[PDB]
Every structure is written in C-alpha cells, then in structure tokens.
C-alpha cells in the first residue's frame, strides 16, 4: 500500500528512490498509482504556457506558472527556455554561428561533460534531408557535430526492442525484449507495450546504461517519461536537474519523443502532413539548446540525437491473410503486421502442426509478400533466435506489406521489417566537446552505441554485442584502446609423413604462399583445439584434426585470373593428403554411402593456377560435406561469382570455411553440441558456410598491392537439404543464387563469433580501423 496522503511539496521530480508506503513525485509514479495527492497540482503546472512574452519580463514570480520570466528565474533554474532571448536580448542558439568545441567549456563544479540522449521515435534517416527549412536546430547539430548518414536498428524494427538495445548494447535475443508484445512460455505470461505487465523486472535482461552508471557511482536522470507529461515539461525538468547542487546533479539524461512515429503511422513517411511534427520536434530541440545556453552549458554537454527505427509506406490494401493459405487460422495466435510470429492459440496445443503450416506457407503465390522461416533458418545477421520468447515459426514480411491472420484506411505507415531495409534506417548525430566537429562517419549499428555512451561517461561497459573501439572514429577524445585477443591454439606445420599406401579412404582419382594468400595474416584460433597449416600453390588453410576439415581456407584471385573447368575424368577425384594422418581424414566411402549428402571444395578447382596445382584442390583436406541443394549455390559461387568479384574489385582475397551452430546462439559450437554427421561416419556437418571477400578500398590498386583502407563483403550461407527458401530455384542458378546470398550477407564480426577465429591481425591499418571494418555489413540496398 502507498500512502498517497503525503505531499510532493519541494519534491517534484525528485531523483531519490522512494518506496511504499511513502508516496512518490517522479515519472514512474503515475504508472504505479503511487503519486502523492498533489503531484499533478504541484509538479505538472501548465499556467501561461511554455514561453516568455515581452509583457512578462521581470514579472513578479507566480508559483502557479509553468515556467518563469521573473528576474530570479535563472539562479532558481526554472526560466522558460526563451527567457533571455525575449527578456535580455540574447540570441536563440540556432541563430548562432557554429564554432568548434575543442574542450568542454563547463561552469565551476562540472567535473565531466554531462551526456543528454535525445531519442525520437520513428525518425527515418531520410527525414534529415528536409534540412534547415524544416529542422533548423537539428540541422545545426547535424552539420556542426558528427553525423552518420543513417544508423541501423535491430530486428524487429519496432520501439521496445530498439530502445532497450540502445540502452544495453545487446541483441533482443539476449536482452529479452524481443518484441513490443511477446509471450513467455515459462512465465506463461504476456508482455505488451501498453499495460502493466511490462513494469515487472523479470522481462528485462542485460544491464541498461542507467544501472551501469549507478553501479559505478555515476548519477542518472530518468530514462522513462509518463506519456501524460508534455515534452516542454520534460525539457524544463532536465534543465532543472542540470541546475542542481554539485552533489545532486546527474551526469546522464534522456529525453524521449513519441513523434514523428505517431504521424508517420497516420500519414505515411512521405506525407505532406509530416512537416508539422518534424517542426515540433525541432522546436523542442531548440528549447533544450536555448535552455542549455541560458545555463552556460551549450559548449559543455554532449548531446546524442538518435532514433529507434524508420518508417515505411504500409496501407490496408497491402495485407496478406494467413486464412488464404491455412484451413484453420482460429487455432493459431499470430503476432502480426510487418513481421509474423506464430504459436498455437492454446499454449502447448498438441495438435499444432508446424511442418504442415510451413509447407502451406512456402512459395504458394507467385507474388507472395512474406516468407516463412523456422527461426534457426533466419539470416544470421538478424541474431533473432536464441530466446524462448521467439516463436519457432517466423514470417519475414516484404517491405510495404502487412501479414494478418484473417480479413475479419486509418494508417499509411508502419515499421518492423528486416533491419537492412532502407526505410527502416534511423538517425544518429553526436554534438559536443567529445564528438568530432563537422565530421561524417559511415553508417553503423545501434548495438555499438552503449559502449560509446559508457566511454562518454567514463564507465566500464557490461558485456554486450558491440565491438568496443569500432566507433572510436566518432570521438575527439575518450576513445577506447582495444587490445588484440590472444591466440589460444598454435598450428602444427606437418610435412610428409605418410604414403598413398597408408590410406584406405575409399577415394579414387584417375612462401610465396603465406605472404600471398594470407594478405592480412593468419586468423588466430581463440579456443583450444588441434590444427595444421597446409600450404598449396593456390591456397592455404588451417586444417582441423578434430573437425576433419579446414576451419578456414584462404586464397587470392587476381583480376586477370583465368577460370578453367573440372576435366571429366577428375569429376569424382579425391586424393588423400600425405601430410595428414589417415585417422585425421574424411573418407569418400561415407559419401559414396550417404544417399543424401555430397561434398564440395573450399578452394575451387575452377580457379587453379595450373593442372599440377588443380590436383591439389582435390585433396581430401580441401573437401567438406555439402547437400546437393547447397552445392547448387556453392558451385555457382565458386565458378561464377568469385571470379566476377575479382574482376569488379581488381582481384579479391577470399577466406571460406564451415560454421557449426546447432543451438542457434550465434556462437561457435563445441564438439558436444554438433548434432549431425555424414552417414556412418564422424565427419561433422556444418550448419552454414562462410566466405569473407576482401579487396582494396581504392579499386585502382590490386587486392595484393593495397596501400590503404580495405573493402570487405561477407556471407553466412545456410547449409540446407533443399532450396525451399528460394522460390525461383527451379530456374537456372543465375536467376536466384545471388538473391539468396544478398539475404545472408554478414559482418566479419558475425563470422568471428560463429568460428572462434580472429581475422585481420596483420595489416597496415589501426586496430580501431580494423574493428570498424569487421563490423561493416554490405546491405545491397
């Protein structure tokens, strides 16, 4: 019980923690039915609005007014934000010339620059193009500070998963807020963006910035605002907190606006009606900046202006209905809209038939505007599977569309789609002493910001999914010095120690390498295992004696490299490898015998330097288990695409290899976790194959003679026994394989998690630059 009879006198928006039976006067109070009886009256004044007028200057203080224009308002810290402009002849901040802030200029008592995070909901990256005509304050922040052309949100591209990702540095599958709505089958309870269940702490994992701050003795303002508190009051409150005594003043502040998301939903992102909400947000940014200038803080504070996701054109007329595909949709519950998650309506309903449902949802209309996936099959870049709150059955919905359960308008915009979709990208601007001046940076992912905010506050971040150092280039100072991970396992370098006669595998056949095929140094193995370096004319590899295949195969292909064929008499040519024991080798009998599984090669014979070399490609230590379905993809990649890349990029360095992730947690499987082997054998079957293709950013220089920055694209291709994912796969590979690959684009960092390898250890670039390179995602948008 809360004694609501107390008073919020002298307590409005107090920062001190106050639990029952004492009544409260903060933001969460309304949400908890714990506000004191005079909270609304004392703390939410509205009288006379939010702006000083000339006729109010030097007024006598009336405590009933929303903000003040009396002579004492300054030292009391509660002037209207425009007080000085109107009453003292000052200029609005936006009207002042931009000037580099080379070190913080903070008042006496400020030990470090405060951080203010200004979050805007549904702020599409492209809205910034409206510029100073619509958003003069924001445009000044953008042009004079550090800006990205866009920031990538996490999937699903909705509010709760993204705000909490911003706060934690974690993927939703890790922090637990995997949707605006979700069902937890262990709680047997349902979370919604609106309602009280979300206030229960059991939903919220990781360690959000305010807790990290607090546990390290840095004070935080609120990271929650009751919907009923107007934006102007939120701004005045932050400014009041900044005026507090040195021993009370917080170091980090958050402001949140539910616009322009609301108007985006109503009118769509390209609507003329979007101008007004964008103007209003800009006015709010102006209030804050004018307010900060009034406090002599405008060259002291670091401001982050950041969105949660973008906004797409989505109307009633573009809705797919499951009832068109499935006979009894009343027996399933669908999380619907710009994504789909399906579970039985009755939890644990034994008649639920997911394989039948998936079959009925697969490539059933030529223009089908969604695609079903079991969650383990979703692109690995989405990192959306390792959580009990994520339904096994997912629908990835095409941009501009909705999926609904059944037919049983007032919106023109929505969001939630695949986070690489252009319309879903959002905004990032950093302004203040710690950010760079007039600097543009490449787009980056929102998971990276928590580390940077910790940097801006002198905090040590909790374990998260950012790559710390990858955003050092946004910062003038306070950068984080990364350190190379230490190699755990050193390679064996086996020479010849066997003769062909030593091998009974069932197979039949009728320097200057390390320097030239490992342009960036050998990957470091970061786990305990046993493996061999193997040199060849055309390629090098780290062959695992445990997994009976290479962890990685590395080779360079010149722009003018020639593509040869595989002679008919060598079709089935597999050769034992006299450097590796028979006992540490695969055997062809297992393949001959497995009716479903074939094999492929990591270094493609098609790219051999010479027939004497080409014969090396057929070694048993270059072979990996591949389903025929996958071979269709891999052969096209090996034969057509690698050369095509080399031609377009002026040669390419390639590293390819297997990935094992049977429990879909995005991390290298240990031996015990591998669940599939080639029939009759102990040859483990990869769940995915990766390839990392590197070249010179300056395409005028060949991959192997690159003086400066690198260019990289990578993929993590699912190793599946069919091509059901690709609706056009009955056609020639040239009509569908690249499309599949684009969907499964990946960051090098993703591959590192999944393999326990560390790449790019020997280059001429800074470690920070390499970290940026490793987080890059080639999106194909």
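Numbering follows the first chain given and starts at 1. Here, rigid core means the biggest group of C-alpha atoms that superpose within 1.5 Å across both forms.
Chemist: After fitting on the rigid core, pick out whichever of 357 to 365 or 186 to 194 shows the bigger RMS C-alpha deviation in 8 other deposited structures of this protein.
Modeler: Clearly, after the core fit, the stretch farther away in 8 other deposited structures of this protein is 186 to 194.
Chemist: Give, as the answer, the stretch of 94 to 102 and 344 to 352 that departs more from the shown form in 8 other deposited structures of this protein; the measure is RMS Cα distance after a core fit.
Modeler: Once the core is superposed, the stretch further away in 8 other deposited structures of this protein is 344 to 352.
Chemist: Please report whether at least a third of the other compared entries leave residue 332 without coordinates.
Modeler: Residue 332: modelled in all of the comparison entries.
Chemist: For residue 227, does the count of other compared entries lacking it reach at least a third?
Modeler: no, residue 227 modelled in all other entries.
Chemist: Please say, as none, 1 to 3, 4 to 9, or 10 or more, how many residues of the deposited sequence are without coordinates in the interval between residue 408 and residue 409.
Modeler: Count of unmodelled residues in between: 4 to 9.
Chemist: Can you say how many deposited residues have no coordinates in the span between residue 99 and residue 100, choosing none, 1 to 3, 4 to 9, or 10 or more?
Modeler: Nothing is missing.
Chemist: Tell me which stretch, 629 to 637 or 256 to 264, has the higher mean Cα B-factor listed in the entry.
Modeler: So the stretch with the higher mean C-alpha B-factor is 629 to 637.
Chemist: Take the C-alpha B-factors listed in the entry for 397 to 405 and for 196 to 204, compute each mean, and give the stretch with the larger one.
Modeler: Stretch with the greater average CA B-factor: 196 to 204.
Chemist: Tell me, please, which of 30, 720, 747, 742 has the highest C-alpha B factor according to the deposited entry?
Modeler: Across 30, 720, 747, 742, the entry lists the biggest C-alpha B-factor for 30.
Chemist: Quiz for you: based on the deposited Cα B-factor, which of 228, 126, 174, 168 is highest?
Modeler: If I rank 228, 126, 174, 168 by C-alpha B-factor, first place goes to 228.
Chemist: Please place residue 568 in the lowest, middle or highest third of its chain by C-alpha B factor as given in the entry.
Modeler: Highest third, going by the recorded CA B-factors of the chain.
Chemist: Within this chain, which third does the Cα B-factor at residue 515 fall in: lowest, middle or highest?
Modeler: It falls in the top third of the chain.
Chemist: Residue 775: which third of its chain by C-alpha temperature factor?
Modeler: Lowest third.
Chemist: Going by what the PDB entry lists, where does residue 232 fall on CA B-factor within its chain: lowest, middle or highest third?
Modeler: Middle third, going by the recorded CA B-factors of the chain.
Chemist: Comparing against every modelled residue in the chain, figure out the third that the C-alpha B-factor of residue 729 lands in (lowest, middle or highest).
Modeler: Middle third, going by the recorded CA B-factors of the chain.
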